[PDB]
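The form deposited in one PDB entry is given below as one chain in structure tokens.
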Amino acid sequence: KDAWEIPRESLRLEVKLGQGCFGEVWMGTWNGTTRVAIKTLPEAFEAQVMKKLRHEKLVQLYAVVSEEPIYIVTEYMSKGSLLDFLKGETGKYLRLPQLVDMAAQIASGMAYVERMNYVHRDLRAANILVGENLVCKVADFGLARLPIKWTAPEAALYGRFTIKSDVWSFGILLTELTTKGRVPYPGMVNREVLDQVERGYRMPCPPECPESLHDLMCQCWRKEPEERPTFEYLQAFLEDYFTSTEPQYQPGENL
């Protein structure tokens, strides 16, 4: 028994939020009044890894109920999933400054994972939560260690899950941001994606996306994992994007 363990009565679930990210999540309340999210259900069912990692851009774990039914108590994000937010009614108004700023926050969370010597293994818009003030935080650490279309080929084929394979997933995530949440590799099935990517195919520049931002994607998609950039580099590049890289960016129809 550790400090994370809490009794089951201390939780007071309220309204259902939906499923996804290894299943059911409820909006509820903790000690009296404390709005939290409760993910309910294999006892391998995400908690042991969130205990060591704490960062402003990672969804923070609050407490765990280790017995069946196993609960996972984390902070509450008001806007929900990033993929839903991009596809939802609010996402249509997002422009490149907001999308790049959201990518910078995600890279900041993964930069913490990077220097902690961890791997996420399932980084994508569906596993990123949005809160107030367009705050984005990384979630989904059920697979975290020390979705073929989002997975680096050396990880999907051989299990070589490194922080550099997360960098590959980040490049795919950039296409989700610049297309308002569209599925990558449109019109391609998983086995076709794996075939063409191994042979060197990469997604083209999304419409209205600047070439400089697409070059960052291709860098994340290099065949050699060691040649992929670090999240420390990705964070600094995206935070300084509209001053150092695209100082003459002009708004368009969608970006």
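Numbering starts at 1 and runs along the sequence shown. Rigid core: the largest C-alpha set superposing within 1.5 Å between the two forms.
Coordinates are absent for 1 to 3 residues of the deposited sequence placed between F45 and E46. According to the record, 4 to 9 deposited residues between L41 and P42 are left without atomic coordinates. Stretches 7-15 and 235-243 differ in mean CA B factor, with 7-15 having the higher one. Here 103-111 and 79-87 are compared by their mean Cα B-factor, and 79-87 comes out higher. Take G187, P204, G200, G32 and read off each C-alpha B-factor from the entry; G32 has the highest. Note on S66, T230, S212, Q60: the highest value goes to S66, judged by CA B factor as recorded. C220 sits in the lowest third of its chain by CA B factor, as recorded in the PDB entry. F170: CA B factor lies in the lowest third for its chain, per the PDB record. Ranked against the other modelled residues of its chain, the C-alpha B-factor of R124 as given in the entry falls in the lowest third.
Per the deposited record, the Cα B-factor of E154 falls in the middle third when ranked against the other modelled residues of its chain. Sort the chain's modelled residues by C-alpha temperature factor and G131 lands in the middle third, per the entry.
In what follows, reference is made to the form deposited in another entry, a form of this protein that is not presented.
Superposing the two forms on their core leaves just one of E67, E227, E56, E211 with a Cα displacement of at least 2 Å between the shown form and the other one, namely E67. A displacement of less than 2 angstroms separates the C-alpha positions of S244 between the shown form and the other one, with the rigid core held in common. Comparing the forms between the shown form and the other one on their rigid core, the Cα displacement of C21 reaches 2 Å or more.
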